[PDB]
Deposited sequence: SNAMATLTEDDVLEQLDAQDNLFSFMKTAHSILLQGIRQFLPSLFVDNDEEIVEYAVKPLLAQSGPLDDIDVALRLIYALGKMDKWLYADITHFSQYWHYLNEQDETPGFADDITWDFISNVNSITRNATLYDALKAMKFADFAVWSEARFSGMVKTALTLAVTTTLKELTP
């Protein structure tokens, strides 16, 4: 369980990450914490029996909501999340599971990760970012530059994802 999320120490954390794996590991943790900080808005607020004996154990660490996938499902099931946002976070979660359980070799510039970002709504719906990313992909180019831009895009997805949850 982390501290509290600013845009810019999230931005520091993610820029520090120099490979897709570390980035994704760090992203998953940032999103997790983002989601856990949103969880109290699902519940009663103003009654201290409910908070102390129901809400707290429900949100304790290693408790029943300390998993990005059960927590997401709850927010979605309560009608508190738009489908587009739900789809983005579970892709991140799916790719993290993929990288951490099956394979951690794919970098920023790979086929498999280009397909991933082609399905992240917060990336593909920003029209200039994605066009720039396609122009760059399909242009005597540079692997580092394209890689850096891929990291930018992904950082933008988690940033905009974080903004939607407060």
Taking the deposited sequence from residue 1, the uncovered stretches are 1-2, 142-144, 172
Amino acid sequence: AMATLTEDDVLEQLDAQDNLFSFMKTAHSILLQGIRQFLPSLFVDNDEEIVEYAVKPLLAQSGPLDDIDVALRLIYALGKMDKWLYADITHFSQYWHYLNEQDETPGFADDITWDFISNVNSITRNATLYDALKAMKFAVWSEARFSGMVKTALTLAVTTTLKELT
From here on, numbers count along this sequence of modelled residues.
Could you check the entry and say whether 147-155 or 7-15 has the higher mean CA B-factor? 7-15
The third of the chain into which the C-alpha temperature factor of residue 53 falls is the lowest
Residue 98: CA B-factor among chain residues, third -> middle
Binned into thirds over the chain's modelled residues, the C-alpha B-factor of residue 75 lands in the lowest
Report the third (lowest, middle or highest) to which the CA temperature factor of residue 86 belongs, ranking only the modelled residues of the same chain. lowest
Which third of the chain does residue 140 land in by C-alpha B-factor: lowest, middle or highest? highest
